[PDB]
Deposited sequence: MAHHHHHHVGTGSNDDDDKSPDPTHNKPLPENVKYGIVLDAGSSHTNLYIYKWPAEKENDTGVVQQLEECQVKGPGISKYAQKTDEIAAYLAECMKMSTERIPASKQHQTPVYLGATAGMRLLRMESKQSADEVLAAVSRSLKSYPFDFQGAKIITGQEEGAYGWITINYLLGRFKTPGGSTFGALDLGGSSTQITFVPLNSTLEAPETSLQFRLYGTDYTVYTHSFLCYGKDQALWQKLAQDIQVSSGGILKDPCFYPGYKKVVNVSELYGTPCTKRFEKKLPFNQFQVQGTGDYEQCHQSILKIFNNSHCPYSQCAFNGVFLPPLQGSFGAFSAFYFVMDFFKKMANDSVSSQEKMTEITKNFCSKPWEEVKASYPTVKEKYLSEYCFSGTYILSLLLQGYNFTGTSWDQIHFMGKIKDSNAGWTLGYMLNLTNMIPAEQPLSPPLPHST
């Protein structure tokens, strides 16, 4: 039996996966407590301890004899793309600190790098299609959404810059992939606040994307701390402000549409980016999954008309009610949900154009065959040549 370890260093979490193979399977997953590694830009010496728990789990989990032969990879995504954008130097320092830390365990260190969006979207499409056994025919589109970027990867029926050719089990595949940096659910929220905060705000932001009675305090330097808001930057007369929920789905939608900008093609995603016509089935995972899943589970674990209605209803539940109603859910997720859901609906319908007949062809999944839908398996695959 063989083992491999891949760390998915995304902008909200670093997730470590252990794979094994006598078909390859996920043996275990570990979520590193804390945010993504880019938040370590100053305090890179703390990275070692940050990674310690998930790394110790792996040394306790893989037999000692198999350990020096076991490869270890870190692939970083949009969070780190943004950090690099801000400071090449910082991003490098973070990657090096990660490296020193992983190098020290008794595994075969294989590199820490920022993978491209074009790679990432590809690999996740591989992971899913592998997992469904759809490589044992015709295939599933891959929709990914994290804190910072969102990807879409699928095969259309017979704009080269954007495509990938790839031969896999005797078949040559042309796969459309694209990554919208700044369009993960969190960066969108930033974009939306930046844009909506006027100078006259008073340090108070009434917002329809959050529940009546929610309050959250937001720091201007953090908010302008990311490249995704450079475009809305103003010099502000206060060093922070407080978001106040008005919980109105209508308006929150309206206001979410504003962070997206005619199209030079047959049809587009948004921002002038080409999108081919929709084709076949899709699996929507990560934030897509977790968010939709929370809403689905108020619809007897349905349609776009019904999902929208569920969200409108939910967004108006006062905050105290929402908390009390879902007491076992982390306050940090629970608060995002009205925004996230509203956001996800728009991204799929106006964004990826999943309107009309197209809506039901999306199947939301966390795991296939007890293995996480993500890109790290795909990355694993190509990397092992298994």
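Several segments of the deposited sequence are absent from the coordinates, namely 1 to 32, 55 to 62, 177 to 179, 202 to 205, 309 to 310, 351 to 352, 438 to 452.
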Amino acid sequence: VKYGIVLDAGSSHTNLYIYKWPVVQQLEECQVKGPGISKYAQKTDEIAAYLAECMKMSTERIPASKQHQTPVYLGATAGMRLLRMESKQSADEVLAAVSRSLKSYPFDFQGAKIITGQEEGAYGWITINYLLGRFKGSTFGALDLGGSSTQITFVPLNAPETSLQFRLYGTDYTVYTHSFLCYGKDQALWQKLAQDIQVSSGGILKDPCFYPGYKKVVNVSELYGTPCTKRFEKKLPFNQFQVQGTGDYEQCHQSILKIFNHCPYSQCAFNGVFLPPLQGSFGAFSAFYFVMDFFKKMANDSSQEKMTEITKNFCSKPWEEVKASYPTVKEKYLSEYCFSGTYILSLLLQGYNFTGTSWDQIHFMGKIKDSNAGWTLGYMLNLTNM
From here on, numbers count along this sequence of modelled residues.
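Once the C-alpha B-factors are averaged per stretch, 61 to 69 and 332 to 340 rank with 61 to 69 first. If you average the C-alpha B-factors over 250 to 258 and over 265 to 273, the higher value belongs to 265 to 273. Comparing C-alpha B-factors across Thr355, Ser38, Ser325, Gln31 in the deposited entry, the largest value falls on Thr355. Across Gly146, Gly280, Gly124, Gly245, the entry's maximum B-factor at the CA atom is seen for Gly280. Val23: CA B factor lies in the highest third for its chain, per the PDB record. For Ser286, the recorded CA B-factor ranks within the lowest third of the chain. Only modelled residues enter the ranking.
Compared with the other modelled residues of the chain, the Cα B-factor recorded for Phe232 ranks in the middle third. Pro208: CA B factor lies in the lowest third for its chain, per the PDB record. Annotation for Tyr224: C-alpha temperature factor in the middle third relative to the rest of the modelled chain, per the entry.
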